[PDB]
Protein chains: 4
Amino acid sequence: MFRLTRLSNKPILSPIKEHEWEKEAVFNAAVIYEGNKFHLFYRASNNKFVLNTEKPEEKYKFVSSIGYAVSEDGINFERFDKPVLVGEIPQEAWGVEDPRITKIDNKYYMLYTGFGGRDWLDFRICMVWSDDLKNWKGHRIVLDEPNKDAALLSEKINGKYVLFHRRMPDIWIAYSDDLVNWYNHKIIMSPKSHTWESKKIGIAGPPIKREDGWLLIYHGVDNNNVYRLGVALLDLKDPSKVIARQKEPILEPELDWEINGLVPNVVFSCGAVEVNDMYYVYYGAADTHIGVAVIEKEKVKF
Amino acid sequence: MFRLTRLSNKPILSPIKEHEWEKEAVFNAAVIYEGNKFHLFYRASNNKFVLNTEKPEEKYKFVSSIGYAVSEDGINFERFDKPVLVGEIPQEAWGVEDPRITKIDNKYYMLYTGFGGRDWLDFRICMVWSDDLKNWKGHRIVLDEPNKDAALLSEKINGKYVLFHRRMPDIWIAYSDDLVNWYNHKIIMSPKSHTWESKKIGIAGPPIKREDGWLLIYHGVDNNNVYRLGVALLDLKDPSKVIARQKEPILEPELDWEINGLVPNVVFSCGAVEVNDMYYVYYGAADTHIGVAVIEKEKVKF
Amino acid sequence: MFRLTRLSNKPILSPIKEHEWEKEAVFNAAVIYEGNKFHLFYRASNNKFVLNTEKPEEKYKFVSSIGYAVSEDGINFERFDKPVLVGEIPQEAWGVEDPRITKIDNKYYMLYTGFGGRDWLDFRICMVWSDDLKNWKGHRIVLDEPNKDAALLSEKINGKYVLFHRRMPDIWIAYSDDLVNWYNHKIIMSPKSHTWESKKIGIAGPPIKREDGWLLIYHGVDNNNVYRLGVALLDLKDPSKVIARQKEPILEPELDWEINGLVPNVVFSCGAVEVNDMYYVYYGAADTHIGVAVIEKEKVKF
Amino acid sequence: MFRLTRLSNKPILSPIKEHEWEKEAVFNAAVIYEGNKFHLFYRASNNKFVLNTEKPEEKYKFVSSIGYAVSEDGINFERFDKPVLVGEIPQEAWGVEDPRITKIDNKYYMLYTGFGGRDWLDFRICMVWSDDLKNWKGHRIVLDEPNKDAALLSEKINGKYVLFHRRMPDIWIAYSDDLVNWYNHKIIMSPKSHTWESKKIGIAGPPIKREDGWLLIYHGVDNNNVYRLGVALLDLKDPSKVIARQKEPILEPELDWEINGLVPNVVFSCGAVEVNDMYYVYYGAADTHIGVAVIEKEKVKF
Ligand SMILES: O=P(O)(O)O[C@H]1O[C@H](CO)[C@@H](O)[C@H](O)[C@@H]1O
Ligand SMILES: O=P(O)(O)O[C@H]1O[C@H](CO)[C@@H](O)[C@H](O)[C@@H]1O
Ligand SMILES: O=P(O)(O)O[C@H]1O[C@H](CO)[C@@H](O)[C@H](O)[C@@H]1O
Ligand SMILES: O=P(O)(O)O[C@H]1O[C@H](CO)[C@@H](O)[C@H](O)[C@@H]1O
Ligand SMILES: O=P(O)(O)O[C@H]1O[C@H](CO)[C@@H](O)[C@H](O)[C@@H]1O
Ligand SMILES: [Zn+2]
Ligand SMILES: [Zn+2]
Ligand SMILES: [Zn+2]
Ligand SMILES: [Zn+2]
Ligand SMILES: [Zn+2]
Ligand SMILES: [Zn+2]
Ligand SMILES: [Zn+2]
Ligand SMILES: [Zn+2]
Ligand SMILES: [Zn+2]
Ligand SMILES: [Zn+2]
Ligand SMILES: [Zn+2]
Ligand SMILES: [Zn+2]
Ligand SMILES: [Zn+2]
Ligand SMILES: [Zn+2]
Ligand SMILES: [Zn+2]
Ligand SMILES: [Zn+2]
Ligand SMILES: [Zn+2]
């Protein structure tokens with residue numbers, strides 16, 4: 001059984017009170033390693049999260065934005081004054097959440113949750129893409145249904161694009177010829193009763209290719225709404241088949257800024273990259289800050 | 001083994017965005033061949049099908065109606081801008097679905113699913129009848145239980161009306177003296193685990209009378225919710241006894257508009273008629289379009 | 001993966017119309033092999049089972065009794081005029097169900113479900129004992145809570161009696177010093193989502209001692225209320241730990257008297273016994289008849 | 001490591017079957033030492049505890065009351081005919097549970113769990129107060145949320161009242177100016193996976209002031225729902241900081257009347273006082289009786 005090791009006992013990205021769009025939270029960040037640089041696309045909130053009302057109410061409205069940060073060493077980031085993606089469309093009125101970025105061939109796809117705020121189910125997986133991590137376009141609703149925790153596989157399987165998603169409460173897979181229409185939906189992984197991952201599970205970042213299969217980091221929620229990270233291995237040629245799944249989590253809330261925050265007891269990753277024979281796992285903590293934790297690639301054994 | 005053969009590589013009926021009632025889907029259609037015309041009674045939806053919520057949600061409400069279309073060659077159909085049947089009671093709040101029409105004693109009986117939208121089990125087999133295929137009367141809930149995939153046999157057995165239905169996950173038969181009270185319910189056919197028909201099965205159109213028995217076209221659902229068509233044969237004098245059943249399907253999603261659509265990976269028939277020594281099988285495709293495949297009845301061998 | 005083989009394609013015990021206490025059903029039987037004889041203690045009902053009313057209705061009352069039958073060969077049984085256990089009104093007003101018999105030392109313990117009919121939760125685990133399988137005494141409510149699927153282990157563990165029971169929906173274990181007060185309650189096994197055993201599980205007959213552990217046959221229920229038998233292996237010294245569990249069922253409704261009957265789609269065992277290196281598993285079929293199925297002990301591999 | 005020592009091998013308080021309100025259980029008692037007398041405010045139940053129903057069922061309704069008992073030696077208590085507090089019908093329909101009493105500036109604050117019985121989360125922290133331990137008044141709901149295991153600190157911190165509570169599964173602190181509105185909610189202590197305190201923790205009695213900090217006895221719950229007592233030390237000037245915490249429990253079910261009872265395997269304290277340089281820790285045993293255990297003040301070492 002292996003676990004992640006935090007690189008720092010302090011957050012590496014925190015909210016910035018002077019910036020409305022990221023005044024209260026930065027968290028759940030996609031990550032791409034390119035040109036010897038860590039590219040973080042982090043969710044940002046202008047407000048705490050009141051979630052216990054019948055419907056989303058203007059008086060408690062929060063807006064998610066996606067900011068960008070970049071780092072050479074993985075620890076110190078250059079940040080920017082404005083977000084790089086905002087919800088401009090009515091179905092994205094309360095913003096854009098939890099991006100996952102996958103490079104397929106020479107294009108980058110960011111899958112995120114657009115939240116329209118018209119009711120608590122007013123969310124959907126959206127996609128934008130770029131060829132430069134800078135000019136995002138091609139917006140589309142990936143599945144026209146309440147769904148989230150979505151990521152593209154970094155390559156095609158038998159000539160088809162592969163989508164991981166999350167019809168409650170399982171991790172699902174789907175296939176597409178054209179990145180518009182999805183078919184061959186299949187459950188690939190389910191929660192487990194009387195465990196830390198009993199309530200629901202969802203993919204973390206997009207799966208990382210290995211020789212022995214696809215490394216699928218995921219998040220699991222217990223009955224107290226504690227979010228932890230677990231890890232599984234998908235079959236290399238049929239990523240719809242799980243060939244190994246670790247029983248214990250690889251990361252759990254332990255530090256004060258993972259236990260305490262806007263949403264207690266959360267570690268949540270939307271991205272991880274392989275660098276120098278190590279896996280770098282960036283994670284939102286308490287839906288308030290971003291941490292980073294690593295595992296030596298050699299220790300990943302099931 | 002035998003299989004149906006599509007007549008067209010493109011739909012024969014498709015939605016009409018200009019008509020609210022059939023804006024998004026036309027599928028799962030009853031057919032009766034009278035007066036050397038194909039009379040098609042098709043399900044039509046005003047909206048897409050969000051099915052993954054905990055309950056049916058008003059924000060994602062779809063309403064099914066039954067539309068009428070007529071053809072001389074079974075391929076080209078004339079259509080009309082208003083439907084022939086819509087929901088008239090609260091049990092049909094979300095419309096009327098998947099009609100199966102049977103003629104018994106010069107009365108036409110249409111059995112369909114009334115969906116109230118109050119929860120995902122809020123559906124009922126309902127029945128209307130008419131002298132003329134035009135003026136439907138006598139709406140009634142057939143069984144007061146969550147049930148569907150219903151069809152009447154075109155003849156009485158020992159003076160009794162014969163009903164096929166689908167208490168999950170099997171095809172049931174039941175008997176009635178009066179079309180009101182059903183009794184001697186029993187299971188006549190079951191799914192086969194670890195096959196394309198592992199999850200559930202349901203009758204397709206009403207069985208077609210043959211000299212060697214009743215042709216029972218049915219749909220089977222696999223573990224990933226793929227809907228395909230299969231074929232069984234019922235004893236001629238006792239339609240509760242399955243005397244043959246083909247191992248392999250006779251129709252499965254192959255064309256892109258059967259694989260892709262509002263509900264991927266679906267072929268589904270509510271209707272089939274014998275015409276010029278051929279069986280014409282009309283099917284919904286991806287719950288979005290209607291197609292039609294055939295087999296020469298000489299080729300139906302078990 | 002291994003499977004039970006039916007000794008007969010016909011029931012070995014069936015209702016006897018001229019005996020009111022068993023005129024409609026005989027099923028779910030305890031069994032004990034002693035004196036080189038199969039002693040069968042079967043549940044019997046005087047009526048069909050209306051189970052879908054808001055409360056148990058007098059006009060649909062069924063009463064369960066325990067009948068006795070004896071066999072030399074495991075297949076051909078001698079039966080008797082009167083039941084050997086009935087309910088003492090009112091806590092068992094609708095009778096005594098699903099006995100599991102365990103021999104501990106030189107006493108025989110029958111654990112059964114007492115059903116009072118006052119509401120659909122009005123059932124509890126009850127126990128009687130005898131030293132001769134004939135004079136049952138010492139009646140008690142084992143757990144004063146709605147619970148069932150109970151059996152005693154045939155030996156003490158570290159001095160303690162060992163109870164299997166079923167707080168919905170898991171197989172539980174517990175311990176006692178006096179066969180009256182139970183403690184150290186623990187879940188030992190759980191249903192598995194998206195499987196034949198997804199809704200709930202419960203112990204079948206009491207576990208059978210092996211060299212490699214305790215054989216725990218159980219029943220699992222899918223989302224369509226189909227009951228199938230499965231099998232697990234408990235640790236020999238600590239039978240609260242499951243050390244193996246076959247994924248596939250070992251017995252499923254297949255024959256027509258197992259698929260159709262008073263309750264469709266049911267095979268259910270309350271008893272199994274080892275005779276000449278063969279496990280004989282008695283099972284109720286559709287809550288209506290009793291079958292028997294066997295497995296060579298050699299073929300029990302996990 | 002240090003541990004409590006039971007004063008006696010028998011309960012210091014038991015139910016009285018002839019008194020409906022305390023017929024089945026006396027347990028989880030608040031305690032205050034005043035006038036050289038132990039004042040014990042005990043939870044009492046008219047009924048056993050069926051807890052395994054999907055919802056609270058009126059057929060298994062239990063009603064908790066608060067009784068008063070008084071002692072000079074802390075062992076032999078005088079009791080009274082009638083409870084001192086009952087649940088007001090219907091907001092506290094199933095009674096008033098687990099009181100903790102804190103004295104602040106010559107007033108006594110009793111925080112208890114009001115249980116309305118309408119679902120298993122239909123409970124909240126309620127507070128009454130008095131200046132004489134007799135005339136309780138000022139009832140109010142402390143937090144408008146499902147919450148319990150609540151106690152006030154016996155003095156203000158930087159002019160603020162201090163509230164300990166338990167949003168599942170952690171111990172929380174909060175602050176108030178008015179004993180009405182609480183702010184700056186923070187988790188201060190969490191369970192520990194794979195230990196005796198892995199499922200959840202909650203405060204026991206109100207923290208006891210020491211020279212080296214605030215003694216926080218708490219209960220911990222393992223994955224089989226066994227209840228044990230642990231201890232931590234809070235920073236004297238900032239009770240939100242835990243400066244020490246003992247790995248092993250200080251009390252656990254051991255005696256038969258702690259292991260067996262209405263809820264097996266429970267020791268649970270709502271009160272502890274310091275008398276003559278000794279901590280007297282009163283505890284519910286198996287939710288059925290009250291015991292007392294002690295430790296010399298000087299043996300509290302971390
Ligand atoms: O067996 P129980 O009492 O229903 O408890 C369990 O229920 C959840 C399902 O809703 C499980 O998935 C959780 O593990 C929970 O602990
Ligand atoms: O819906 P999910 O994936 O189970 O997680 C939701 O809550 C998480 C914890 O607050 C957040 O981290 C997520 O952003 C999301 O709002
Ligand atoms: O209820 P059934 O028979 O399992 O089929 C359901 O799904 C089919 C495919 O989506 C549809 O074609 C049906 O109309 C129905 O909604
Ligand atoms: O409550 P359980 O154990 O899931 O099973 C119930 O239904 C079984 C099948 O009808 C019956 O065989 C049992 O007798 C019982 O009534
Ligand atoms: O909710 P908590 O604090 O985990 O404790 C609950 O169970 C305890 C042990 O039975 C009881 O002692 C408590 O009264 C309560 O019902
Ligand atoms: Zn700035
Ligand atoms: Zn969008
Ligand atoms: Zn699922
Ligand atoms: Zn998720
Ligand atoms: Zn664990
Ligand atoms: Zn028109
Ligand atoms: Zn209707
Ligand atoms: Zn169907
Ligand atoms: Zn007789
Ligand atoms: Zn009894
Ligand atoms: Zn469970
Ligand atoms: Zn059971
Ligand atoms: Zn199977
Ligand atoms: Zn008295
Ligand atoms: Zn109150
Ligand atoms: Zn607690
Ligand atoms: Zn001990």
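Refer to the structure above for everything that follows.
Now for a description of the structure that goes with this document.

Structural notes on the overall build of chain A
Inference 1: Helix and strand content of chain A: 1 helix and 21 strands.
Inference 2: In terms of overall size, chain A behaves like a compact globule, its C-alpha atoms giving a radius of gyration of 18 Å where 302 residues would be expected to give roughly 19 Å.
Inference 3: Referenced to the eigenvectors of the C-alpha coordinate spread, the extents of chain A come out at roughly 50 × 45 × 40 Å.
Inference 4: For chain A, the residues scored as buried account for 60% of the 302 residues in total.
Inference 5: Long-range contacts, defined here as pairs at least 24 residues apart, represent 50% of the contacts in chain A between residues at least 6 apart.

Overview of the relation of the copies chain C and chain A
Inference 1: Superposing chain C onto chain A takes a rotation of 179 degrees combined with a translation of 0.2 Å along the rotation axis, leaving an RMSD of 0.3 Å. Taken together, the turn and the small shift mark the pair as related by a two-fold rotation axis. Ranked by how close their C-alpha atoms come to the rotation axis, the residues of chain C are headed by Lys 192 of chain C, at 3.9 Å.
Inference 2: Comparing interface residues between copies, 80% of those in chain C also sit at the interface in chain A, which points to an isologous, same-surface contact.

Some remarks on the site of ligand 1
Inference 1: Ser 193, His 194, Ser 198 and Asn 223 of chain A together with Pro 169 and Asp 170 of chain C make up every residue found near ligand 1.
Inference 2: At the site occupied by ligand 1, the surrounding residues belong to chains A and C.
Inference 3: One nitrogen or oxygen atom from the side chain of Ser 193 of chain A is found 3.4 Å from an oxygen atom belonging to ligand 1.
Inference 4: A distance of 2.7 Å separates an oxygen atom of ligand 1 from a polar backbone atom of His 194 of chain A.
Inference 5: About the coverage of ligand 1: the protein hides 50% of its 390 Å² of free accessible area.
Inference 6: Its residues assigned to classes, the shell around ligand 1 comprises 1 nonpolar, 4 polar and 1 charged.

A word on the coordination of the zinc ion (ligand 16)
Inference 1: For the zinc ion (ligand 16), the protein coordination sphere consists of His 194 of chain A (NE2) and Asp 170 of chain C (OD), at 2.0 to 2.1 Å. Note that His 194 of chain A is positioned in the loop between strand 13 (183-189) and strand 14 (200-203) and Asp 170 of chain C in the loop between strand 11 (161-165) and strand 12 (171-176), a pairing that runs across two chains.
Inference 2: You can call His 194 of chain A exposed: its relative accessible area is 54%.
Inference 3: A residue is classified by how much of its surface remains accessible, and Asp 170 of chain C, at 3% relative accessible area, is buried.

Details of the arrangement of the chains
Inference 1: Among 5 pairs of chains with at least one contact, chains A and B form the most extensive contact set.
Inference 2: There is a clear gap between chain B and chain D: no contact, and 18 Å between their nearest C-alpha atoms.

Re the site of ligand 2
Residues and elements named next belong to chain A.
Inference 1: Near ligand 2, the surroundings consist of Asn 28, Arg 43, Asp 98, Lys 148, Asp 149, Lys 200, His 219, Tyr 227, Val 263, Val 266, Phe 268 and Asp 287.
Inference 2: Taking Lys 148, its side chain carries an N or O atom lying 2.8 Å from an oxygen atom of ligand 2.
Inference 3: In the environment of ligand 2, an oxygen atom lies 2.5 Å from a nitrogen or oxygen atom belonging to the side chain of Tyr 227.
Inference 4: Counted by class, the shell around ligand 2 contains 4 nonpolar, 2 polar and 6 charged residues.

Here we look at the pattern of salt bridges
Inference 1: What the rule picks out here adds up to 94 salt bridges over all chains.
Inference 2: Between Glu 258 of chain A and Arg 6 of chain A there is a salt bridge, and its shortest N-O distance comes to 2.8 Å. Placement of the pair is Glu 258 of chain A in helix 1 (residues 256-259) and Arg 6 of chain A in strand 1 (residues 5-6), with a sequence separation of 252 residues.
Inference 3: A relative accessible area of 0% places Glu 258 of chain A in the buried class.
Inference 4: Here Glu 58 of chain B ties to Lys 61 of chain B by a salt bridge, and the two come within 3.7 Å at their closest N and O atoms.
Inference 5: For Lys 61 of chain B, a relative accessible area of 26% translates into the label partly exposed.
Inference 6: Counted as one network, the salt bridges with shared partners bring together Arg 3, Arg 6, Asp 222, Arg 228, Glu 252, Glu 254 and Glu 258 of chain C.

Considerations on the interface of chain A and chain B
Where the parts come together, the accessible area they lose is often given as the size of the interface.
Inference 1: Across the contact, 16 residues belong to chain A and 13 residues belong to chain B.
Inference 2: Joining chain A to chain B, the criterion identifies 2 salt bridges.
Inference 3: The interface formed by chain A and chain B contains 6 residue pairs in polar contact.
Inference 4: Here the side of chain A that touches chain B is composed, by residue class, of 4 nonpolar, 3 polar and 9 charged.

Describing the sheet that holds strand 2 (residues 25-34) of chain A
Residues and elements named next belong to chain A.
Inference 1: One open sheet holds the 4 strands; their spatial order is 2-3-4-5, and the pairing between them is antiparallel. Every other strand in the sheet has two partners, leaving strand 2 and strand 5 (78-79) as the edge strands with one partner each.
Inference 2: Direction of pairing for strand 2 relative to strand 3 (residues 37-45): antiparallel, over a ladder of 9 bridges. Pairing of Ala 25 across the sheet is with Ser 45, part of strand 3.

With respect to a positive patch on the surface
Inference 1: Together, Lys 192 and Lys 247 of chain A together with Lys 192 and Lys 241 of chain C make up a region of like positive charge exposed at the surface.
Inference 2: Mapped onto the secondary structure, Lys 192 of chain A falls in the loop between strand 13 and strand 14.
Inference 3: What makes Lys 192 of chain A partly exposed here is its relative accessible area of 32%.

Some remarks on the side chain of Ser 71 of chain A
Inference 1: Along the polypeptide, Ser 71 of chain A turns up in strand 4 (residues 64-71).
Inference 2: Looking at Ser 71 of chain A, its side chain comes within polar contact range of the main-chain oxygen of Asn 76 of chain A, at 2.6 Å.

A closer look at the interface of chain C and chain A
Inference 1: Opposite the 5 residues of chain C that make contact, chain A presents 5 residues.
Inference 2: Summed over both partners, the interface of chain C with chain A comes to about 330 Å²; 54% of that surface belongs to carbon and sulfur atoms.
Inference 3: Taken together, the connections running from chain C to chain A amount to 0 salt bridges.
Inference 4: Linking chain C with chain A are 2 residue pairs in polar contact.

Quick word on the state of the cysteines
All names here are of chain D.
Inference 1: Within this structure, the stated rule accounts for 0 disulfides over all chains.
Inference 2: Not engaged in a disulfide, the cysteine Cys 270 finds its nearest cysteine sulfur in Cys 126; these two sulfurs lie 14 Å apart.
Inference 3: The exposure class assigned to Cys 270 is buried, which follows from its relative accessible area of 0%.

Thoughts on the packing of aromatic side chains
Residues and elements named next belong to chain B.
Inference 1: A full pass over the atoms with the stated rule returns 73 aromatic pairs over all chains.
Inference 2: Centroid distance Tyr 33 to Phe 38: 4.7 Å. Interplanar angle 70 degrees. Geometry classified as edge-to-face.
Inference 3: Relative accessible area serves as the criterion here: at 24%, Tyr 33 is assigned to the partly exposed category.
Inference 4: The class of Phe 38 is buried, set by a relative accessible area of 2%.
Inference 5: A ring pair is formed by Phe 62 and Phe 115, whose centres lie 6.2 Å apart and whose planes are at 35 degrees; its orientation type is tilted. In this pair, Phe 62 sits in the loop between strand 3 (37-45) and strand 4 (64-71) while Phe 115 sits in strand 7 (residues 108-115), placing the two residues 53 residues apart along the sequence.

Quick word on the pairing of strand 17 (residues 227-234) of chain C
For a regular strand, the rule is simple: side chains alternate between the two faces of the sheet.
Residue and element names in this part refer to chain C.
Inference 1: With 8 of 8 residues buried, strand 17 lies mostly within the body of the structure.
Inference 2: Of the two faces of strand 17, the one carrying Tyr 227, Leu 229, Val 231 and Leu 233 and the one carrying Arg 228, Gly 230, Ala 232 and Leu 234 are both buried.
Inference 3: As judged from the 8 bridges shared by strand 16 (residues 214-221) and strand 17, these two strands associate in the antiparallel manner. Within strand 17, the position partnered with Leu 216 by the bridge is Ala 232.
Inference 4: Where strand 16 hands over to strand 17, the hairpin turn is made up of 5 residues, of which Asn 225 adopts a positive phi near 60 degrees.
Inference 5: Strand direction decides the pairing type here: strand 17 and strand 18 (residues 242-245), joined by 3 bridges, are antiparallel.

Looking at the sheet that holds strand 9 (residues 137-141) of chain A
Residue and element names in this part refer to chain A.
Inference 1: Strand order in the open sheet made by the 4 strands is 6-7-8-9, with antiparallel pairing throughout. The open sheet has two edge strands with one neighbour each: strand 6 (96-104) and strand 9. Averaged over neighbouring strand pairs, the angle between their axes works out to 20 degrees when direction is ignored.

A look at the pairing of strand 21 (residues 289-296) of chain C
Residues and elements named next belong to chain C.
Inference 1: Counting buried positions over the 8 residues of strand 21 gives 7, a clear majority of the element.
Inference 2: For strand 1 (residues 5-6) and strand 21, the ladder comprises 2 bridges, and the chain directions are antiparallel. Counted as the bridge partner of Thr 5 is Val 294 from strand 21.
Inference 3: With 8 bridges joining them, strand 20 (residues 278-285) and strand 21 adopt antiparallel strand pairing. Within strand 21, the residue paired with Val 281 across the bridge is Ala 293.
Inference 4: What sits between the antiparallel neighbours strand 20 and strand 21 is a turn of 3 residues, in which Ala 286 has the positive phi angle 55 degrees.

Regarding the side chain of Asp 149 of chain D
Residue and element names in this part refer to chain D.
Inference 1: Relative to the assigned elements, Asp 149 resides in the loop between strand 9 (137-141) and strand 10 (151-152).
Inference 2: Using a relative accessible area of 3% as the deciding quantity, one classes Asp 149 as buried.
Inference 3: Reaching out from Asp 149, the side chain makes a polar contact with the side chain of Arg 100 at a distance of 2.9 Å.
Inference 4: At 3.2 Å, the side chain of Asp 149 forms a polar contact with the side chain of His 219.
Inference 5: Not counting residues up to four positions away in its chain, the partners in contact with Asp 149 are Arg 100, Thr 113, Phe 164, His 165, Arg 166, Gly 202, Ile 203, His 219 and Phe 268.

Basis of the calculations
- Residues numbered from 1 in each chain as written, not as in the entry; some residues may be left out.
- Chains lettered and ligands numbered in written order.
- Heavy atoms only, no water.
- Helix = DSSP H or I, 4+ residues; strand = E, 2+ residues; numbered from the N terminus.
- Rg over C-alpha atoms; globule rule 2.2 N^0.38 Å.
- Buried < 20%, exposed > 50% of the residue type's maximum accessible area, 1.4 Å probe, protein only.
- Contact = heavy atoms within 4.5 Å.
- Least-squares fit on C-alpha atoms.
- Near = heavy atom within 4 Å.
- Polar contact = N/O pair within 3.5 Å; in protein donor to acceptor, adjacent residues only side chain to side chain.
- Areas by Shrake-Rupley, 256 points an atom, 1.4 Å probe, with all protein chains shown as cover.
- Nonpolar A, V, L, I, M, F, W, Y, C, P; charged D, E, K, R; others polar.
- Donors = N, O, S within 2.8 Å, 3.2 Å for Na, K, Ca; no water.
- Salt bridge = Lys/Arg side-chain N within 4 Å of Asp/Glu carboxyl O.
- Pairing = 2+ DSSP bridges.
- Patch = residues over 30% accessible without salt bridge, like charges linked within 9 Å, V, L, I, M, F, W, Y side chains within 5 Å.
- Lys, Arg positive; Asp, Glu negative; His and termini not counted.
- Charge placed at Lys NZ, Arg CZ, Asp CG, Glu CD.
- Buried area = accessible area lost by both parts, 1.4 Å probe.
- Disulfide = S-S within 2.5 Å.
- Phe/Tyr/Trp six-rings, centres within 6.5 Å; stacked < 30°, edge-to-face > 60°.
- Axes fitted to C-alpha atoms, helices over the stretch in contact; angles between N-to-C directions.

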